[PDB]
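J.: Can you read through this structure? Questions will come right after.
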Amino acid sequence: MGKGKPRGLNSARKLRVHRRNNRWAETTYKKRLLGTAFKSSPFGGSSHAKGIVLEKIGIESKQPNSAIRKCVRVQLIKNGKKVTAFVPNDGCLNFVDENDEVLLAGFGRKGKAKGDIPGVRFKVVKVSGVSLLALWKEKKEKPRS
Amino acid sequence: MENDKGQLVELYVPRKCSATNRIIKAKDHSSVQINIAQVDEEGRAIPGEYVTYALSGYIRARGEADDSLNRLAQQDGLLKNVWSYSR
Amino acid sequence: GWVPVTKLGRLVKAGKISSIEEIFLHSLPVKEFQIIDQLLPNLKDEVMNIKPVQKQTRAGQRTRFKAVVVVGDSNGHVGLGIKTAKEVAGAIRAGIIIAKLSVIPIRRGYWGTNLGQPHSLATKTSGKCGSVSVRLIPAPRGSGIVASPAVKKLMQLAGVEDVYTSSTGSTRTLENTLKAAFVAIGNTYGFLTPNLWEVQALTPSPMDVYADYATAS
Amino acid sequence: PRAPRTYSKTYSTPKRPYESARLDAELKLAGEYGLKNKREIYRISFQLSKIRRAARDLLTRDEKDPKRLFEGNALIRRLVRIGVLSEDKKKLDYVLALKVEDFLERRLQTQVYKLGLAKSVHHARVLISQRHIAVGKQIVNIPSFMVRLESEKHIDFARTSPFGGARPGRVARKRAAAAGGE
RNA sequence: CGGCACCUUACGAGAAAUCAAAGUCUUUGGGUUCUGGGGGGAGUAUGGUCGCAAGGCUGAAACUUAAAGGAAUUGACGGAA
RNA sequence: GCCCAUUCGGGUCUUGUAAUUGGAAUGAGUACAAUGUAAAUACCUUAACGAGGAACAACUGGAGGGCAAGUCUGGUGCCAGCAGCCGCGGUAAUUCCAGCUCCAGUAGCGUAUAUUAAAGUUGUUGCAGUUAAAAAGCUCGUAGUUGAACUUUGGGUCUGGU
Ligand SMILES: [Mg+2]
Ligand SMILES: [Mg+2]
Ligand SMILES: [Mg+2]
Ligand SMILES: [Mg+2]
Ligand SMILES: [Mg+2]
Ligand SMILES: [Mg+2]
Ligand SMILES: [Mg+2]
Ligand SMILES: [Mg+2]
Ligand SMILES: [Mg+2]
Ligand SMILES: [Mg+2]
Ligand SMILES: [Mg+2]
Ligand SMILES: [Mg+2]
Ligand SMILES: [Mg+2]
Ligand SMILES: [Mg+2]
């Protein structure tokens with residue numbers, strides 16, 4: 001068996017073409033090419049996005065572990081799209097409140113779900129210009145209302 | 001193998017098969033030393049003197065081994081009429 | 001509490017086989033374990049991992065423990081021993097014994113130029129077990145044991161000081177990987193070089209020579 | 001617009017974090033040659049690593065032929081000057097295996113302690129930090145100085161400051177003042 | 001000499017069933033075409049094109065999910081023997 | 001470590017712990033000066049003051065595995081939460097929330113997204129296609145890619161080097 005690919009000394013262009021063709025099966029590559037992040041993906045293919053807290057929503061978790069996961073329905077400012085952001089640590093949701101500006105981040109999985117929280121893709125990071133972790137700690141205090 | 005100026009490094013310097021040349025490994029459990037006693041005139045097999053042959057294991061497994069041995073013997077001068085050059 | 005079966009064992013006891021080198025040369029089997037110990041006092045025995053392992057039964061399951069052990073020194077000898085028993089310590093012991101029985105030499109060669117003492121492999125050698133191919137490429141000096149942790153450990157045990165690897169297929173089948181590595185190591189002595197073109201004498205074995213001392217009375 | 005001032009993120013982390021044995025070894029090394037962090041060790045490794053790479057490259061060409069002959073030789077000379085290489089070993093293939101320990105041993109860290117002066121590694125380091133020790137007659141206060149061997153005999157206590165014995169130094173002065181008052 | 005075909009060892013292979021090719025591959029390169037890149041969403045949406053149609057060829061993404069598979073081992077089981 | 005170990009013990013020699021205490025520096029701070037400088041700052045240089053746990057105070061993350069390090073104590077009791085993944089939670093939590101310990105890195109360390117490595121999981125080097133995804137149902141066939149062996153081999157005679 002010569003094994004598929006042409007092993008000729010002048011078979012280079014063909015090989016290149018083949019490689020290119022193959023490239024469209026690789027998912028990451030495809031994404032990079034087509035601008036799926038730029039055309040979809042609530043964020044603009046960005047790390048973060050500021051968004052308005054439309055409402056506090058407890059979401060029921062996937063399976064095995066059973067609980068309500070204190071998420072927030074956020075409306076992204078730049079695009080106008082509506083997403084659901086999980087809110088970390090104990091309480092935290094109280095701190096976040098309602099109708100606040102909220103700086104979101106990706107959850108970890110380059111999109112996709114994060115473990116058990118179904119239909120949820122984002123960590124709330126900052127609420128109206130602080131930081132959720134900090135608030136939880138009480139190392140830093142909130143700037144009043 | 002030979003460091004600096006001789007000083008033979010690497011022990012266990014292996015038995016190489018008589019038929020194949022093929023190195024006989026440390027755990028070549030199949031490979032064999034045949035000892036053929038040295039002949040003398042009118043009976044007599046001369047105690048403590050042999051033509052020693054090593055056979056690798058691969059050959060034995062194949063069954064091409066006996067023939068090889070015979071050939072070797074012929075080459076040496078332990079046989080006549082047995083192993084022909086052409087078949 | 002010694003007492004040997006095996007002609008070879010008897011010979012060893014007597015004290016006419018000096019080192020394991022002779023044994024290796026005459027590819028003599030070592031079904032008994034103590035012989036190896038006698039020969040080589042510097043056997044470092046290191047347990048690599050222990051899988052729990054379960055046959056399924058009409059009621060419950062049969063938990064046993066596949067203990068993998070690597071044995072060595074820094075001379076150029078290694079042993080790989082696998083056993084699966086229910087008592088863990090016992091299993092480990094068994095594995096160790098197996099490794100000892102195996103113990104196999106390694107041709108340690110030169111990186112490039114002779115200069116000092118050799119502590120890499122001679123040739124690009126590779127092994128295989130299931131879907132693990134461990135390929136050991138000889139390193140330069142000081143460049144270390146570039147390998148998967150288990151593999152590295154094995155190399156250390158052997159007395160290979162510097163080496164490159166390329167472990168491919170499912171390396172996380174740890175035992176399998178180890179086996180592959182062992183195979184590769186073995187293949188070192190077996191790969192013919194131009195150093196060994198020259199013809200050897202074929203020495204008589206200890207089993208032939210010291211035949212009266214071996215065997216029972 | 002002048003020109004980019006160049007730098008190197010010189011001193012590089014290992015590829016796994018928690019190889020336990022490795023960590024232990026590092027710790028031991030630190031203990032031996034009183035380092036503040038693993039960072040120093042990493043730096044040392046990088047330094048040595050580069051050298052090793054260079055050696056390898058040289059080998060990959062024919063010794064007798066030119067670049068290999070010359071550049072390699074130069075490197076060897078440099079190493080000798082530094083005092084990591086021995087005088088028995090000047091054959092390039094010896095550099096190939098230098099080891100980090102050796103490198104550590106050449107520091108003004110240890111070349112204080114090795115020559116007495118301090119008493120106990122850490123103490124020496126402290127002394128170096130606190131504006132004592134002049135390798136020439138110019139006050140080194142970097143622990144990771146790397147002594148030149150050619151200027152290792154010249155390592156003294158500082159011309160100025162105590163221990164060298166120019167001025168007694170602050171606490172002593174205070175004590176004297178107190179005595180006077182009394 | 002030719003196509004529609006068993007046994008052992010495999011040193012050759014192979015994840016193994018097995019394979020005299022599914023061998024001469026980490027000791028990696030005889031010459032070529034074509035196809036595949038976790039599972040689903042989906043042979044769908046869309047556009048093309050081909051058709052009398054039914055359908056065909058061509059062929060997505062969003063979104064979703066930690067398994068989907070393969071081979072076998074021991075079990076358990078079977079209105080199998 | 002031990003001169004000796006009829007029991008001790010001196011402790012002749014070397015190390016670690018105590019809000020003991022004591023002498024010796026220190027520059028981080030400040031500050032005449034002088035340096036710098038276009039003028040200044042800041043640096044380097046100096047006088048003078050400035051360290052003893054109350055400071056002249058190191059944070060970040062983690063402490064089941066992957067993966068270095070707690071089967072510690074309470075608070076909780078499918079909750080609230082952690083958890084990249086595996087997963088932990090249902091009155092015995094080493095995974096949640098606090099103290100102590102402890103680890104890792106250290107004036108840095110975390111998180112997010114990209115991206116490179118790892119990925120021989122894009123493969124020319126270097127993958128797979130009997131069954132795991134994968135051989136067009138079959139043959140024909142232009143481009144392309146490739147394509148059997150054969151023409152000057154061998155010997156001498158000097159002559160430069162390394
Ligand atoms: Mg559940
Ligand atoms: Mg001063
Ligand atoms: Mg898919
Ligand atoms: Mg902390
Ligand atoms: Mg935590
Ligand atoms: Mg905790
Ligand atoms: Mg651990
Ligand atoms: Mg508890
Ligand atoms: Mg890549
Ligand atoms: Mg693949
Ligand atoms: Mg298929
Ligand atoms: Mg088909
Ligand atoms: Mg079809
Ligand atoms: Mg031709």
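Following the order of the structure tokens, chains are lettered A, B, ..., residues in each are numbered from 1, and ligands are numbered from 1.
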Report as a ChimeraX atom specification all protein, DNA and RNA residues lying within 10 Å of residue 196 (chain C), evaluated on only C-alpha atoms (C1' of nucleotides), omitting residues in the same chain fewer than 2 positions from it.

T.: /B:1,13-14,16,23 /C:191-194,198-200

J.: Now that the selection is made, can you save its residues with N, CA and C atoms as a PDB file, in the first residue's frame?

T.:
```
ATOM      1  N   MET B   1      30.880   0.906  23.556  1.00  0.00           N
ATOM      2  CA  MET B   1      31.571  -0.405  23.295  1.00  0.00           C
ATOM      3  C   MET B   1      33.041  -0.392  23.708  1.00  0.00           C
ATOM      4  N   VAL B  13      28.591  -9.909  25.945  1.00  0.00           N
ATOM      5  CA  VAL B  13      28.839  -9.726  24.506  1.00  0.00           C
ATOM      6  C   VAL B  13      28.351 -10.980  23.784  1.00  0.00           C
ATOM      7  N   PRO B  14      27.263 -10.841  23.008  1.00  0.00           N
ATOM      8  CA  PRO B  14      26.317 -11.940  22.871  1.00  0.00           C
ATOM      9  C   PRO B  14      26.763 -13.097  21.992  1.00  0.00           C
ATOM     10  N   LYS B  16      26.177 -15.093  18.905  1.00  0.00           N
ATOM     11  CA  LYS B  16      25.558 -14.889  17.605  1.00  0.00           C
ATOM     12  C   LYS B  16      25.374 -16.243  16.948  1.00  0.00           C
ATOM     13  N   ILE B  23      21.764 -12.035  16.506  1.00  0.00           N
ATOM     14  CA  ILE B  23      22.143 -12.051  17.927  1.00  0.00           C
ATOM     15  C   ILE B  23      21.158 -12.890  18.743  1.00  0.00           C
TER      16      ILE B  23
ATOM     17  N   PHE C 191      19.711  -5.685  18.503  1.00  0.00           N
ATOM     18  CA  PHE C 191      20.048  -4.810  17.388  1.00  0.00           C
ATOM     19  C   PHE C 191      21.541  -4.957  17.105  1.00  0.00           C
ATOM     20  N   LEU C 192      21.861  -5.514  15.939  1.00  0.00           N
ATOM     21  CA  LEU C 192      23.254  -5.706  15.526  1.00  0.00           C
ATOM     22  C   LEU C 192      23.893  -4.384  15.136  1.00  0.00           C
ATOM     23  N   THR C 193      25.132  -4.185  15.578  1.00  0.00           N
ATOM     24  CA  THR C 193      25.931  -3.025  15.199  1.00  0.00           C
ATOM     25  C   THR C 193      27.162  -3.498  14.422  1.00  0.00           C
ATOM     26  N   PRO C 194      27.900  -2.561  13.795  1.00  0.00           N
ATOM     27  CA  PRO C 194      29.211  -2.889  13.226  1.00  0.00           C
ATOM     28  C   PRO C 194      30.290  -3.179  14.265  1.00  0.00           C
ATOM     29  N   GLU C 198      32.411  -8.627  14.150  1.00  0.00           N
ATOM     30  CA  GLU C 198      33.485  -9.568  14.506  1.00  0.00           C
ATOM     31  C   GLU C 198      32.972 -10.839  15.183  1.00  0.00           C
ATOM     32  N   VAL C 199      33.544 -11.973  14.790  1.00  0.00           N
ATOM     33  CA  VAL C 199      33.022 -13.285  15.169  1.00  0.00           C
ATOM     34  C   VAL C 199      33.528 -13.656  16.560  1.00  0.00           C
ATOM     35  N   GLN C 200      32.643 -14.247  17.364  1.00  0.00           N
ATOM     36  CA  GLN C 200      32.980 -14.721  18.712  1.00  0.00           C
ATOM     37  C   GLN C 200      33.182 -16.234  18.740  1.00  0.00           C
TER      38      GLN C 200
END
```

J.: Name the residues of chain B that come out as helix (DSSP H, G or I) in a backbone DSSP run; write them as a list in words.

T.: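 Those in chain B that DSSP calls helix (DSSP H, G or I) are residues 57, 58, 59, 60, 61, 62, 65, 66, 67, 68, 69, 70, 71, 72, 73, 74, 75 and 76 of chain B.
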
J.: Would you mind exporting the chosen residues as a PDB file, in the first residue's frame, restricted to C-alpha atoms?

T.:
```pdb
ATOM      1  CA  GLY B  57      15.314 -19.277  18.138  1.00  0.00           C
ATOM      2  CA  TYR B  58      13.623 -17.815  15.064  1.00  0.00           C
ATOM      3  CA  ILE B  59      15.117 -20.505  12.852  1.00  0.00           C
ATOM      4  CA  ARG B  60      13.964 -23.206  15.265  1.00  0.00           C
ATOM      5  CA  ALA B  61      10.454 -21.752  15.264  1.00  0.00           C
ATOM      6  CA  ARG B  62      10.428 -21.730  11.469  1.00  0.00           C
ATOM      7  CA  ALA B  65      16.788 -24.997  11.694  1.00  0.00           C
ATOM      8  CA  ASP B  66      17.740 -28.651  11.241  1.00  0.00           C
ATOM      9  CA  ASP B  67      18.628 -28.013   7.606  1.00  0.00           C
ATOM     10  CA  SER B  68      20.779 -25.043   8.608  1.00  0.00           C
ATOM     11  CA  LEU B  69      22.568 -27.176  11.202  1.00  0.00           C
ATOM     12  CA  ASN B  70      23.216 -29.862   8.593  1.00  0.00           C
ATOM     13  CA  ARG B  71      24.623 -27.263   6.209  1.00  0.00           C
ATOM     14  CA  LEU B  72      26.906 -25.935   8.943  1.00  0.00           C
ATOM     15  CA  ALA B  73      28.128 -29.448   9.687  1.00  0.00           C
ATOM     16  CA  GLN B  74      28.842 -30.029   6.002  1.00  0.00           C
ATOM     17  CA  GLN B  75      30.792 -26.774   5.827  1.00  0.00           C
ATOM     18  CA  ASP B  76      32.828 -27.764   8.857  1.00  0.00           C
TER      19      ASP B  76
END
```

J.: As a PyMOL selection string, please: all residues of region 5-181 of chain D that backbone DSSP puts in strand (DSSP E or B).

T.: chain D and resi 63+65+134+139+156

J.: Any idea what's packed within 7 Å of region 13-30 of chain E, counting only C-alpha atoms (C1' of nucleotides), ignoring anything in its chain fewer than 3 positions away? Could you give it as a list in words?

T.: residues 2 of chain A; 130, 131 and 135 of chain C; 71 and 72 of chain E

J.: Would you mind listing what lies within 12 Å of residue 3 (chain F) as JSON, numbers by chain, with only C-alpha atoms (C1' of nucleotides) counted and same-chain residues fewer than 2 positions away left out?

T.: {"F": [5, 10, 11, 12, 13]}

J.: Take the residues just selected and output them with C-alpha atoms (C1' of nucleotides) as a PDB file, in the first residue's frame.

T.:
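File selection.pdb, as written:
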```pdb
ATOM      1  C1'   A F   5      27.219   3.235  79.277  1.00  0.00           C
ATOM      2  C1'   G F  10      29.203  15.893  83.819  1.00  0.00           C
ATOM      3  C1'   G F  11      27.444  17.611  78.460  1.00  0.00           C
ATOM      4  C1'   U F  12      34.013  18.143  78.033  1.00  0.00           C
ATOM      5  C1'   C F  13      31.937  18.847  71.632  1.00  0.00           C
TER       6        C F  13
END
```

J.: For residue 11 (chain B), please output as a list in words all residues within 10 Å (counting only C-alpha atoms (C1' of nucleotides); exclusion window: fewer than 2 positions along the same chain).

T.: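 In the requested form, the answer reads residues 1, 8, 9, 13 and 14 of chain B; 21, 22, 24, 25, 76, 105, 106 and 107 of chain C.
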
J.: As a list in words, please: the residues near residue 86 (chain C) (cut-off 12 Å, only C-alpha atoms (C1' of nucleotides), same-chain neighbours under 6 positions excluded).

T.: residues 50, 51, 52, 53, 54, 55, 61, 62, 63, 64, 65, 66, 67, 92 and 94 of chain C

J.: How would the residues just chosen look if you wrote them out with N, CA, C and O atoms as a PDB file, in the first residue's frame?

T.:
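Saved file again_6.pdb follows:
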```pdb
ATOM      1  N   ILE C  50      -0.943   0.116  41.317  1.00  0.00           N
ATOM      2  CA  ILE C  50      -1.776  -1.030  41.662  1.00  0.00           C
ATOM      3  C   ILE C  50      -3.215  -0.720  41.244  1.00  0.00           C
ATOM      4  O   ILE C  50      -3.880   0.114  41.866  1.00  0.00           O
ATOM      5  N   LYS C  51      -3.679  -1.374  40.178  1.00  0.00           N
ATOM      6  CA  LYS C  51      -5.092  -1.330  39.801  1.00  0.00           C
ATOM      7  C   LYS C  51      -5.836  -2.309  40.692  1.00  0.00           C
ATOM      8  O   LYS C  51      -5.379  -3.443  40.863  1.00  0.00           O
ATOM      9  N   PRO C  52      -6.976  -1.884  41.267  1.00  0.00           N
ATOM     10  CA  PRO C  52      -7.949  -2.875  41.714  1.00  0.00           C
ATOM     11  C   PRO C  52      -8.670  -3.435  40.492  1.00  0.00           C
ATOM     12  O   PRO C  52      -8.900  -2.708  39.521  1.00  0.00           O
ATOM     13  N   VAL C  53      -9.018  -4.713  40.552  1.00  0.00           N
ATOM     14  CA  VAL C  53      -9.441  -5.469  39.381  1.00  0.00           C
ATOM     15  C   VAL C  53     -10.520  -6.451  39.821  1.00  0.00           C
ATOM     16  O   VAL C  53     -10.305  -7.204  40.773  1.00  0.00           O
ATOM     17  N   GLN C  54     -11.661  -6.453  39.127  1.00  0.00           N
ATOM     18  CA  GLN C  54     -12.858  -7.161  39.599  1.00  0.00           C
ATOM     19  C   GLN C  54     -13.526  -8.069  38.574  1.00  0.00           C
ATOM     20  O   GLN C  54     -14.112  -7.597  37.603  1.00  0.00           O
ATOM     21  N   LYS C  55     -13.436  -9.376  38.813  1.00  0.00           N
ATOM     22  CA  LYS C  55     -14.319 -10.359  38.185  1.00  0.00           C
ATOM     23  C   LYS C  55     -15.720 -10.153  38.766  1.00  0.00           C
ATOM     24  O   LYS C  55     -15.852  -9.866  39.955  1.00  0.00           O
ATOM     25  N   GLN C  61     -18.479  -9.035  43.604  1.00  0.00           N
ATOM     26  CA  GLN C  61     -17.320  -9.073  42.695  1.00  0.00           C
ATOM     27  C   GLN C  61     -16.017  -9.466  43.412  1.00  0.00           C
ATOM     28  O   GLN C  61     -15.878  -9.274  44.623  1.00  0.00           O
ATOM     29  N   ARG C  62     -15.076 -10.014  42.641  1.00  0.00           N
ATOM     30  CA  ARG C  62     -13.800 -10.526  43.155  1.00  0.00           C
ATOM     31  C   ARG C  62     -12.687  -9.482  43.026  1.00  0.00           C
ATOM     32  O   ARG C  62     -11.955  -9.461  42.034  1.00  0.00           O
ATOM     33  N   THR C  63     -12.551  -8.631  44.039  1.00  0.00           N
ATOM     34  CA  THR C  63     -11.493  -7.617  44.057  1.00  0.00           C
ATOM     35  C   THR C  63     -10.106  -8.237  44.237  1.00  0.00           C
ATOM     36  O   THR C  63      -9.832  -8.886  45.247  1.00  0.00           O
ATOM     37  N   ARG C  64      -9.255  -8.046  43.229  1.00  0.00           N
ATOM     38  CA  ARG C  64      -7.837  -8.401  43.277  1.00  0.00           C
ATOM     39  C   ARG C  64      -7.037  -7.166  42.888  1.00  0.00           C
ATOM     40  O   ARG C  64      -7.623  -6.156  42.501  1.00  0.00           O
ATOM     41  N   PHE C  65      -5.709  -7.240  42.986  1.00  0.00           N
ATOM     42  CA  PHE C  65      -4.860  -6.051  42.856  1.00  0.00           C
ATOM     43  C   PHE C  65      -3.656  -6.242  41.935  1.00  0.00           C
ATOM     44  O   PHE C  65      -2.641  -6.806  42.345  1.00  0.00           O
ATOM     45  N   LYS C  66      -3.766  -5.733  40.704  1.00  0.00           N
ATOM     46  CA  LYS C  66      -2.710  -5.901  39.697  1.00  0.00           C
ATOM     47  C   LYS C  66      -1.555  -4.932  39.971  1.00  0.00           C
ATOM     48  O   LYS C  66      -1.480  -3.839  39.400  1.00  0.00           O
ATOM     49  N   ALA C  67      -0.661  -5.353  40.865  1.00  0.00           N
ATOM     50  CA  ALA C  67       0.493  -4.551  41.272  1.00  0.00           C
ATOM     51  C   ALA C  67       1.611  -4.638  40.238  1.00  0.00           C
ATOM     52  O   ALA C  67       2.088  -5.732  39.933  1.00  0.00           O
ATOM     53  N   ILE C  92       2.312  -7.583  45.755  1.00  0.00           N
ATOM     54  CA  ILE C  92       3.490  -6.743  45.532  1.00  0.00           C
ATOM     55  C   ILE C  92       4.754  -7.603  45.525  1.00  0.00           C
ATOM     56  O   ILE C  92       5.612  -7.471  44.641  1.00  0.00           O
ATOM     57  N   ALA C  94       4.986 -10.797  45.014  1.00  0.00           N
ATOM     58  CA  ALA C  94       4.924 -11.669  43.845  1.00  0.00           C
ATOM     59  C   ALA C  94       5.468 -10.939  42.616  1.00  0.00           C
ATOM     60  O   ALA C  94       6.273 -11.486  41.852  1.00  0.00           O
TER      61      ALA C  94
END
```

J.: What's the 8 Å shell around residue 98 (chain C), counting only C-alpha atoms (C1' of nucleotides), without same-chain residues fewer than 6 positions away, as a VMD selection string?

T.: chain C and resid 33 79 to 83

J.: At what distance in Å, to one decimal, does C1' of residue 52 (chain F) lie from CA of residue 129 (chain D)?

T.: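 Atom-to-atom, CA of residue 129 (chain D) to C1' of residue 52 (chain F), that is 20.4 Å.
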
J.: At a cut-off of 12 Å, can you tabulate as a Markdown table every residue of chain E near ligand 10 together with its closest atom pair and the distance in Å to one decimal, using only C-alpha atoms (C1' of nucleotides) and all ligand atoms and ordering rows by chain then number?

T.:
```
| residue | atom | partner | partner_atom_place_in_ligand_line | distance |
| --- | --- | --- | --- | --- |
| E:36 | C1' | ligand 10 | 1 (Mg) | 8.7 |
| E:37 | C1' | ligand 10 | 1 (Mg) | 6.4 |
| E:38 | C1' | ligand 10 | 1 (Mg) | 11.2 |
```

J.: Pull N, CA, C and O atoms (P, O5', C5', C4', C3', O3' and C1' of nucleotides) from the residues just selected and write them as a PDB file, in the first residue's frame.

T.:
```pdb
ATOM      1  P     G E  36     -15.410  12.744   3.839  1.00  0.00           P
ATOM      2  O5'   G E  36     -14.992  12.169   5.265  1.00  0.00           O
ATOM      3  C5'   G E  36     -15.677  11.037   5.849  1.00  0.00           C
ATOM      4  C4'   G E  36     -15.040  10.629   7.158  1.00  0.00           C
ATOM      5  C3'   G E  36     -14.607  11.768   8.066  1.00  0.00           C
ATOM      6  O3'   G E  36     -15.740  12.243   8.787  1.00  0.00           O
ATOM      7  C1'   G E  36     -12.864  10.174   7.910  1.00  0.00           C
ATOM      8  P     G E  37     -15.860  13.791   9.178  1.00  0.00           P
ATOM      9  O5'   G E  37     -14.809  13.933  10.363  1.00  0.00           O
ATOM     10  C5'   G E  37     -14.994  13.206  11.592  1.00  0.00           C
ATOM     11  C4'   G E  37     -13.760  13.310  12.452  1.00  0.00           C
ATOM     12  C3'   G E  37     -13.527  14.681  13.079  1.00  0.00           C
ATOM     13  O3'   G E  37     -13.696  14.538  14.477  1.00  0.00           O
ATOM     14  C1'   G E  37     -11.502  13.658  12.306  1.00  0.00           C
ATOM     15  P     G E  38     -14.607  15.538  15.309  1.00  0.00           P
ATOM     16  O5'   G E  38     -15.082  14.611  16.515  1.00  0.00           O
ATOM     17  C5'   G E  38     -14.710  13.218  16.541  1.00  0.00           C
ATOM     18  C4'   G E  38     -15.271  12.523  17.753  1.00  0.00           C
ATOM     19  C3'   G E  38     -16.779  12.368  17.791  1.00  0.00           C
ATOM     20  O3'   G E  38     -17.167  11.304  16.929  1.00  0.00           O
ATOM     21  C1'   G E  38     -16.027  13.129  19.887  1.00  0.00           C
TER      22        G E  38
END
```

J.: How far is it from CA of residue 212 (chain C) to CA of residue 1 (chain C), in Å with one decimal?

T.: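 Atom-to-atom, CA of residue 212 (chain C) and CA of residue 1 (chain C) are spaced 23.5 Å apart.
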
J.: Produce as number ranges by chain the set of residues near ligand 2, where near means within 10 Å with only C-alpha atoms (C1' of nucleotides) and all ligand atoms considered.

T.: D: 130-132, 160-162, 167, 169; F: 25-27, 45-46

J.: List every residue of chain A that has an atom at most 12 Å from any atom of ligand 9, and for each one report the closest atom pair and its distance in Å to one decimal, counting only C-alpha atoms and all ligand atoms, with rows sorted by chain and then by increasing residue number, as a tab-separated table.

T.:
```
residue	atom	partner	partner_atom_place_in_ligand_line	distance
A:23	CA	ligand 9	1 (Mg)	11.4
A:26	CA	ligand 9	1 (Mg)	10.1
A:27	CA	ligand 9	1 (Mg)	11.6
A:28	CA	ligand 9	1 (Mg)	9.7
A:29	CA	ligand 9	1 (Mg)	9.5
```

J.: Hey, can you spit out that residue selection with N, CA and C atoms as an mmCIF file, in the first residue's frame?

T.:
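Resulting contents of result00.cif:
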```cif
data_model
loop_
_atom_site.group_PDB
_atom_site.id
_atom_site.type_symbol
_atom_site.label_atom_id
_atom_site.label_comp_id
_atom_site.auth_asym_id
_atom_site.auth_seq_id
_atom_site.Cartn_x
_atom_site.Cartn_y
_atom_site.Cartn_z
ATOM 1 N N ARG A 23 -8.878 20.504 6.588
ATOM 2 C CA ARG A 23 -8.985 21.573 7.568
ATOM 3 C C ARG A 23 -10.423 21.915 7.929
ATOM 4 N N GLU A 26 -11.862 20.026 11.001
ATOM 5 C CA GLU A 26 -11.380 20.477 12.308
ATOM 6 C C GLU A 26 -12.222 21.673 12.762
ATOM 7 N N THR A 27 -12.761 21.584 13.975
ATOM 8 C CA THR A 27 -13.888 22.418 14.398
ATOM 9 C C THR A 27 -13.407 23.820 14.741
ATOM 10 N N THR A 28 -12.341 23.851 15.533
ATOM 11 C CA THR A 28 -11.714 25.093 15.989
ATOM 12 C C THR A 28 -11.297 25.940 14.793
ATOM 13 N N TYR A 29 -10.645 25.265 13.849
ATOM 14 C CA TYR A 29 -10.153 25.889 12.617
ATOM 15 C C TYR A 29 -11.307 26.535 11.862
#
```

J.: Counting only C-alpha atoms (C1' of nucleotides) and all ligand atoms, what residues are within 8 Å of ligand 8, given as a PyMOL selection string?

T.: chain F and resi 73-74+93

J.: When you get a sec, could you note down which chain F residues fall within 9 Å of chain D, using only C-alpha atoms (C1' of nucleotides), as JSON, numbers by chain?

T.: {"F": [23, 24, 25, 26, 27, 67, 68, 104, 105, 106]}

J.: Restricting it to C-alpha atoms (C1' of nucleotides), dump the selection as a PDB file, in the first residue's frame.

T.:
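Saved result, part.pdb, follows:
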```pdb
ATOM      1  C1'   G F  23      25.639  43.921  71.869  1.00  0.00           C
ATOM      2  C1'   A F  24      27.028  44.740  65.550  1.00  0.00           C
ATOM      3  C1'   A F  25      24.682  46.632  60.807  1.00  0.00           C
ATOM      4  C1'   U F  26      20.571  47.725  57.308  1.00  0.00           C
ATOM      5  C1'   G F  27      17.991  50.906  53.751  1.00  0.00           C
ATOM      6  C1'   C F  67      -1.876  17.504  41.300  1.00  0.00           C
ATOM      7  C1'   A F  68       2.062  19.689  45.984  1.00  0.00           C
ATOM      8  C1'   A F 104       2.287  26.013  46.127  1.00  0.00           C
ATOM      9  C1'   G F 105       4.082  30.537  43.857  1.00  0.00           C
ATOM     10  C1'   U F 106       6.052  34.814  45.649  1.00  0.00           C
TER      11        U F 106
END
```

J.: Compile the residues of chain C that lie within 12 Å of chain F, evaluated using only C-alpha atoms (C1' of nucleotides), and express the compilation as a list in words.

T.: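 Per the criterion, chain C yields residues 133, 166, 167, 168 and 169 of chain C.
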
J.: Any residue with an atom at most 12 Å from ligand 6 counts, using only C-alpha atoms (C1' of nucleotides) and all ligand atoms. Which are they? Put them as a ChimeraX atom specification.

T.: /F:62-64,69-70,72-73,82,93-102

J.: Around ligand 11, out to 9 Å and counting only C-alpha atoms (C1' of nucleotides) and all ligand atoms, which residues are there? I want them as a PyMOL selection string.

T.: chain F and resi 129+131-134

J.: Between C:140, C:90, C:204, C:95, single out the one closest to residue 36 (chain B), counting only C-alpha atoms.

T.: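 Ranked by minimum distance to residue 36 (chain B), first place goes to C:204.
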
J.: Produce as JSON, numbers by chain the set of residues near ligand 1, where near means within 8 Å with only C-alpha atoms (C1' of nucleotides) and all ligand atoms considered.

T.: {"A": [63, 64, 65, 66], "F": [78]}
